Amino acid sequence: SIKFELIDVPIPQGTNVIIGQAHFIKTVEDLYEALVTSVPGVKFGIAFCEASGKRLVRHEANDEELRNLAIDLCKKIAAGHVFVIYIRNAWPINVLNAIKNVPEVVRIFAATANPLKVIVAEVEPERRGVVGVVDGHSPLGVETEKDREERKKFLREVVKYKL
């Protein structure tokens, strides 16, 4: 029938993870390029589950810890055509549109540094796919106007992403 499995995603402090689905072996080189040409100091590991042929986890990196995190999560999800990116010295918003526009990339499941689970379906031996993710925690309530003011201030005075 269908077996659901939960995969916990380790996210060390200072990293962000991006998980998606693509196709074709060139994914690995195109994602390498999207990352290194987006932010000069970026440190990353990228791994991609080739789904046919030799069926290898394909990987590039300029940081060995991040390479191994990416590889290990691909091994655990173990679903054809999934890719995993771990990054330091850059935020997902710095690279996401580049990633969306890689022609091999078909969808992105998560971009986050929160506690994160991946929900995987195994339908037959060695046939697995991503069902969804659980990105952080459910809401505790609704923000107030003063909470709104606070987050506006955060964006303007702290991270300076807005004026």
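All residue numbers are counted from 1 along the displayed sequence.
As listed in the deposited structure, the average C-alpha B-factor of 63 to 71 and of 25 to 33 is greater for 63 to 71. Sort the modelled residues of the chain by CA B factor and residue 81 lands in the lowest third. Per the PDB record, residue ranking by Cα B-factor puts residue 19 in the lowest third of the chain. Residue 103: CA B factor lies in the lowest third for its chain, per the PDB record. Among the modelled residues of its chain, residue 95 has a C-alpha B-factor that falls in the lowest third according to the deposited record.
Annotation for residue 116: CA B-factor lies in the middle third of the chain's modelled residues.
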